[PDB]
Amino acid sequence: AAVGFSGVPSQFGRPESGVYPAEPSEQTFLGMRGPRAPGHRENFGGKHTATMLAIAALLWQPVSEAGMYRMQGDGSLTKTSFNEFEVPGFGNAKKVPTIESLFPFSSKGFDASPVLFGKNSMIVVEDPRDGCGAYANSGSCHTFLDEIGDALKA
Amino acid sequence: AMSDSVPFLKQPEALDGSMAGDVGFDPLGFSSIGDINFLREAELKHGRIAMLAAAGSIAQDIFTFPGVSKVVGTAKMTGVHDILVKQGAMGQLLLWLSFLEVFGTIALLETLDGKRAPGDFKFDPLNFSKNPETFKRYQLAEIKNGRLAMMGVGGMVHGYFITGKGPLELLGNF
Amino acid sequence: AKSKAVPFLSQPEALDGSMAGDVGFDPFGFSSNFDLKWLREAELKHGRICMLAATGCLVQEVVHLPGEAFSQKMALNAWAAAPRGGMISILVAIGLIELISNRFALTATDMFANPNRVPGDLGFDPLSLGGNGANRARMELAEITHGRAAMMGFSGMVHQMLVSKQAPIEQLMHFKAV
Amino acid sequence: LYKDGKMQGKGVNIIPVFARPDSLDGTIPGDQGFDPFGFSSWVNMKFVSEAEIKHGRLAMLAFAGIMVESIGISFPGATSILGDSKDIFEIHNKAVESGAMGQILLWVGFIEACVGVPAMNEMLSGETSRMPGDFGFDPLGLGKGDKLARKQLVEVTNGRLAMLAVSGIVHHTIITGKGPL
Amino acid sequence: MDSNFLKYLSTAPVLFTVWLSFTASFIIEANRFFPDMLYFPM
Amino acid sequence: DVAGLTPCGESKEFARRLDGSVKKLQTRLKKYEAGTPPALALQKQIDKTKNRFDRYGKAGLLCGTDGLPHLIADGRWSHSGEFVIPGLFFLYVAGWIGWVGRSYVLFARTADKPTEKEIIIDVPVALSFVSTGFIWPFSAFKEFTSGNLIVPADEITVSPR
Ligand code: CLA
Ligand code: CLA
Ligand code: CLA
Ligand SMILES: CC1=C(C#C/C(C)=C/C=C/C(C)=C/C=C/C=C(C)/C=C/C=C(\C)C#CC2=C(C)C[C@@H](O)CC2(C)C)C(C)(C)C[C@H](O)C1
Ligand SMILES: CC1=C(C#C\C(C)=C/C=C/C(C)=C/C=C/C=C(C)/C=C/C=C(\C)C#CC2=C(C)C[C@@H](O)CC2(C)C)C(C)(C)C[C@H](O)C1
């Protein structure tokens with residue numbers, strides 16, 4: 001009458017809903033399959049999501065390198081934070097929230113780049129194999145195959 | 001119903017022979033998982049980018065633009081990347097290629113709808129493909145050169161990783 | 001009438017070869033006491049978490065995010081060294097994903113209340129890689145086999161990390177018997 | 001030739017102390033009525049047939065390579081990095097440390113993953129009616145109508161003989177310390 | 001397993017004893033591995 | 001600090017309690033030979049006493065003039081782990097137990113013989129119910145707002161007034 005873990009509320013005497021929507025087959029790139037309003041997968045389907053992700057990735061690039069770049073006498077550029085940008089007409093609030101308030105990379109010590117990971121925030125790759133081989137190693141490298149071989153030869 | 005390229009394997013069902021370069025070559029059945037339009041758009045983009053990168057490696061061995069030698073020094077191939085990241089060149093390149101790739105994303109989704117051929121940006125300002133036959137020959141040549149340049153630029157950059165020469169210096173020096 | 005995996009035992013009822021990975025292996029009679037839909041959903045969830053977990057236990061040793069807090073090659077050290085607010089964010093986000101992906105039907109009395117809800121079918125196909133009809137059963141078999149293999153591998157990797165105090169690959173390269 | 005009932009097929013038993021099982025169909029090349037442990041009753045015959053063929057061809061290439069490398073014949077410049085000795089085990093380790101056998105492993109594994117796995121899977125699933133060991137490889141054109149056997153049967157018999165020969169040669173090199181010939 | 005023996009095992013005193021022993025064993029093992037927890041550490 | 005109490009890591013009477021406990025165990029330790037199992041057991045008890053007093057002294061607990069930790073339970077966040085957070089843990093577990101018991105009672109009402117379900121538990125269904133209890137506050141509140149928790153006063157038996 002009521003199989004364990006069946007998940008049907010009527011078998012457990014639980015208040016059900018009755019209205020159970022059909023499952024449509026339409027799919028969204030960064031969304032989920034499921035019941036939606038009419039017009040939804042045509043206005044916010046995979047095309048809209050991919051376009052908005054593309055536009056967000058494009059607009060990330062000036063946002064990642066956000067700052068006041070000022071040319072010097074030698075033609076070099078000095079980057080200084082938008083937190084030092086002062087405004088004339090808001091009373092005692094000379095410093096105001098800027099785009100760097102919403103994206104505070106330097107507060108966390110994160111060297112952001114237009115491709116997210118920057119020079120001083122580079123992804124660290126190191127080879128775990130320690131420059132030795134799978135078998136027949138003489139030195140500071142004693143692998144599992146070497147352990148098998150030494151166990152057999154004793 | 002067997003593959004022409006690999007005669008002991010079946011012809012993949014998503015492959016039909018319509019696309020340029022179709023020889024029934026998909027032994028691992030990648031076209032059964034992904035869309036063939038997405039796959040052809042990806043193949044054309046990888047191939048065109050690799051053709052440009054191969055020609056770039058050859059010409060950057062051959063010569064450099066005025067003033068690049070001062071900023072770069074005696075650095076070739078991927079070794080310039082980091083330097084030109086500290087300089088503003090690669091950021092500007094990424095900005096404008098990202099701007100192009102936004103409309104590339106819209107074009108890819110249009111292709112996935114089925115309103116646009118994969119890799120068809122209708123960019124023929126010199127009207128090279130007047131005849132449909134010339135169009136077919138240029139399509140086959142484009143896909144073949146793109147695949148060849150994919151292999152070529154892979155070889156060039158990994159040979160640079162081994163010797164630090166450059167594709168044309170390595171030929172003239174072992 | 002006998003189980004194919006275990007030939008000296010009778011074939012378990014409610015196992016009839018319909019599901020992927022069904023070889024008639026249920027000697028303890030879990031499917032005779034609990035519903036197969038919940039068991040399959042749980043098996044797929046444990047397997048998918050273990051796929052991600054085994055892949056992490058191998059990859060995090062080789063590849064790290066920048067920073068001191070992400071520099072632990074051994075995964076049990078990376079559990080403690082990683083920033084705590086980030087891991088609490090991971091917990092909260094997993095909770096929200098579990099809440100919304102099951103569409104507020106999370107329990108043993110209301111998940112599968114909708115007759116269209118299929119075990120392990122959360123509706124997740126971001127790139128629509130399932131658009132092939134004869135591919136489907138082989139795909140589900142490959143997914144459940146990867147999940148079972150990942151469960152066994154990750155269980156072993158955690159307890160061998162406890163025994164050896166070494167990350168898995170560098171334990172295989174610097175092996176010390178007990 | 002195909003010699004059904006003399007060299008292959010039903011009714012042929014080369015070792016009559018173990019009777020030929022009823023499970024063997026006689027269609028497979030090399031069927032000479034030898035299955036004492038009754039594996040043919042439960043295994044998939046196409047898979048184990050392809051496995052026998054692959055083990056055999058690998059052992060044939062292994063015998064040819066082992067003999068040509070233990071007698072002393074070498075490619076030009078190949079002695080220098082790989083050692084001027086004749087011992088096959090040290091040749092394996094030297095070519096591993098040089099990287100030669102890594103390249104061999106990479107390319108053989110690439111071939112095996114790219115076409116070998118799909119050929120085995122489509123043969124077993126029943127999508128191509130491909131026979132075991134059939135990779136469609138006849139560049140020089142030696143079997144067209146003589147393909148039934150006197151090509152297949154001699155291939156499997158030489159494969160099995162090469163398997164036994166390579167196993168014997170390896171363990172003799174281990175116990176003696178000297179390569180064959 | 002006999003269904004009547006399982007039904008006997010499902011009776012209130014047996015399940016009560018098993019569940020309370022299981023709970024007691026949790027409290028005992030938690031206090032064995034983490035003793036003297038007068039407070040939640042914060 | 002709070003209510004005139006001092007932190008336990010600087011209270012001299014806390015140290016006196018620790019010293020007295022360690023000395024009381026050490027005078028028992030003195031009568032046994034080194035390496036004997038009573039000696040190892042007593043030394044383990046000494047180690048546990050030292051670790052407990054160290055942990056209590058480094059936890060921000062307040063000690064009174066008696067020398068024992070005193071808990072603050074007025075709601076202040078500097079002592080939220082002494083009553084408030086154990087209270088939240090209890091309330092979660094207790095609401096779990098109440099919710100799964102109520103769910104099993106309402107299931108048993110639907111059976112052929114409800115009282116048999118009360119004395120002979122349907123173990124798979126009960127295990128399903130005890131699994132359901134992890135989201136008991138939201139489930140109980142939705143049960144309340146849908147009119148499925150509270151029953152009206154005209155449907156409950158009452159004595160003559
Ligand atoms: C009209 C749009 C536009 C604008 C306003 C800029 C603006 C700038 N670019 Mg830029 N760029 C653009 C389009 C544009 N770019 C495109 C489409 C590309 C190719 C994807 C690039 C690639 C690029 C690189 C690689 C570099 C810049 C740099 C710069 C900066 C130079 C500042 C300076 O003092 O140089 C003043 C210079 C001049 C007044 C003379 C420059 C004349 C050049 C040599 C002519 C080049 C012709 C070229 C071959 C034609 C392009 C066709 C191509 C699409 C095939 C400046 C912010 C540089 C930078 O960031 O340095 C800090 C840098 O290294 N850009
Ligand atoms: C079971 C999964 C799991 C868990 C719990 C962890 C846990 C951790 N990882 Mg790890 N990781 C995993 C899988 C996992 N990993 C996988 C599969 C990869 C390969 C892509 C990595 C690669 C990785 C790197 C490179 C690093 C860590 C690091 C860390 C630590 C800090 C957190 C962080 O920065 O994450 C970073 C996480 C990622 C880069 C990728 C996580 C993506 C996961 C699998 C989520 C994808 C599924 C998601 C839930 C969507 C499904 C929804 C759908 C079902 C509805 C932490 C201990 C850092 C560390 O301490 O170094 C040792 C670090 O530097 N992880
Ligand atoms: C299903 C379990 C359940 C639930 C939800 C309630 C709910 C309630 N009881 Mg009640 N009660 C129960 C069982 C339960 N009771 C049992 C078994 C007894 C006999 C010992 C009592 C004896 C009792 C008294 C004497 C009083 C309450 C009171 C109350 C109310 C306040 C909460 C309270 O004081 O809890 C405290 C509850 C207890 C001390 C007894 C609980 C005994 C166990 C721990 C609970 C049963 C768990 C059960 C085995 C779960 C099986 C489920 C499984 C099969 C899936 C509330 C309406 C009080 C009231 O009227 O307040 C307005 C009150 O004065 N109850
Ligand atoms: C269509 C469009 C336009 C067009 C356009 C575009 C600009 C077309 C121009 C295209 C060029 C970029 C095609 C590039 C081909 C590169 C080859 C295949 C790579 C070869 C590598 C191999 C041989 C190798 C390598 C080797 C190894 C690995 C390592 C080295 O040590 C040695 C070596 C180098 C030998 C135009 C303007 C006409 C207008 C038209 O209306 C519309
Ligand atoms: C659904 C699909 C999605 C996809 C997705 C996801 C990302 C797919 C990825 C699935 C990945 C995570 C598969 C992971 C497999 C790991 C398992 C098989 C193995 C562990 C090995 C064991 C045997 C071991 C270990 C061993 C241990 C015990 C002892 C050691 O001494 C040795 C050793 C280490 C060898 C995407 C996003 C593409 C979108 C698409 O629209 C829909």
Side-chain angles (χ1 to χ4, degrees), chain A residues 132-138 141-154, chain C residues 172-173 175, chain D residues 14-15 18 29-30 32 34-37 39 43 47-49 51-113 116-117 120 132-133 135 137 152-181:
Chain A
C132 50
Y135 187 76
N137 305 297
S138 65
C141 185
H142 182 70
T143 81
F144 188 56
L145 301 166
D146 285 304
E147 188 61 77
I148 288 156
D150 298 3
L152 260 68
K153 296 179 177 65
Chain C
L172 278 187
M173 294 310 292
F175 194 79
Chain D
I14 50 181
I15 308 170
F18 318 109
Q32 316 177 85
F34 179 71
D35 210 334
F37 290 152
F39 287 138
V43 310
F47 172 71
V48 294
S49 307
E52 183 166 49
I53 291 176
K54 187 155 308 191
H55 273 82
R57 298 169 166 168
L58 185 53
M60 284 187 263
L61 292 182
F63 175 75
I66 277 168
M67 288 292 311
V68 69
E69 284 150 40
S70 177
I71 291 165
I73 297 89
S74 67
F75 279 120
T79 54
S80 58
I81 297 89
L82 277 71
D84 302 332
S85 185
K86 290 186 284 186
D87 203 320
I88 50 182
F89 313 142
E90 167 85 347
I91 281 294
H92 174 280
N93 299 272
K94 210 57 174 285
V96 159
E97 188 72 29
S98 76
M101 295 277 263
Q103 267 274 306
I104 297 166
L105 171 78
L106 172 75
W107 284 104
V108 168
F110 180 81
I111 293 157
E112 277 270 274
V117 160
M120 157 187 91
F135 290 101
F137 178 84
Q152 284 172 352
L153 189 51
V154 66
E155 183 178 61
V156 287
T157 52
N158 289 324
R160 295 153 178 188
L161 185 60
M163 278 186 264
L164 297 162
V166 165
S167 306
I169 277 161
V170 161
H171 275 88
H172 291 154
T173 316
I174 291 169
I175 62 171
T176 293
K178 161 200 197 274
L181 268 297

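Throughout, a chain's letter reflects where its sequence line sits, starting with A, and its residues are numbered from 1.
By the 4.5 Å heavy-atom criterion applied to side chains, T173(D) and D87(D) are counted as neighbours. Residues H142(A) and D150(A) form a side-chain contact, since some pair of their non-hydrogen atoms from C-beta on lies under 4.5 Å apart. Considering only heavy atoms from C-beta on, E155(D) comes within 4.5 Å of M60(D) through its side chain. The side-chain heavy atoms of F175(C) and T143(A), taken from C-beta on, include no pair separated by under 4.5 Å.
Shortest non-hydrogen contact noted between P180(D) and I169(D) is CG-CG2, 3.8 Å. Smallest separation of non-hydrogen atoms from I91(D) and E69(D): CG2-OE1, 4.1 Å.
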Exercise for the section: List the steps and the verdict of side-chain contact (heavy atoms from CB on, under 4.5 Å) for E112(D) and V117(D). Expected result: CA-CA 6 Å; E112(D) 277 270 274; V117(D) 160; over 6 Å; no
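For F89(D), the CZ atom counts as densely surrounded, since its 6.0 Å shell holds more than 12 non-hydrogen atoms of other residues, nucleotides or ligands. Annotation for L181(D): atom CG does not count as buried by contact number, only 12 or fewer foreign heavy atoms lying within 6.0 Å. No more than 12 heavy atoms of other residues, nucleotides or ligands shown are found within 6.0 angstrom of CD on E97(D). Applying the 6.0 Å contact sphere to NE2 of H92(D) captures no more than 12 heavy atoms from other residues, nucleotides or ligands.
For the atom pair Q32(D) CD and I15(D) CD1, the distance stands at 9.0 Å (nearest 0.5 Å). Atom CG of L153(D) is separated from atom CG of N158(D) by 9.5 Å, given to the nearest 0.5 angstrom. Residue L82(D) holds its CG atom at 9.0 Å from CE of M101(D), rounded to the nearest 0.5 Å. Rounding to the nearest 0.5 angstrom, the gap separating the OG atom in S74(D) from the NZ atom in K86(D) is 11.5 Å. Taking CG of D146(A) as the start and CG of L172(C) as the end, the distance is 12.0 Å to the nearest 0.5 Å.
Under a 3.5 Å cut-off, the side chain of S80(D) and the backbone N or O of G77(D) do form a donor-acceptor pair. For the pair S70(D) (side chain) and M67(D) (backbone), a donor-acceptor distance under 3.5 Å is absent.
Using a 4.0 Å cut-off between charged nitrogen and carboxylate oxygen, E52(D) and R57(D) do not count as a salt-bridge pair.
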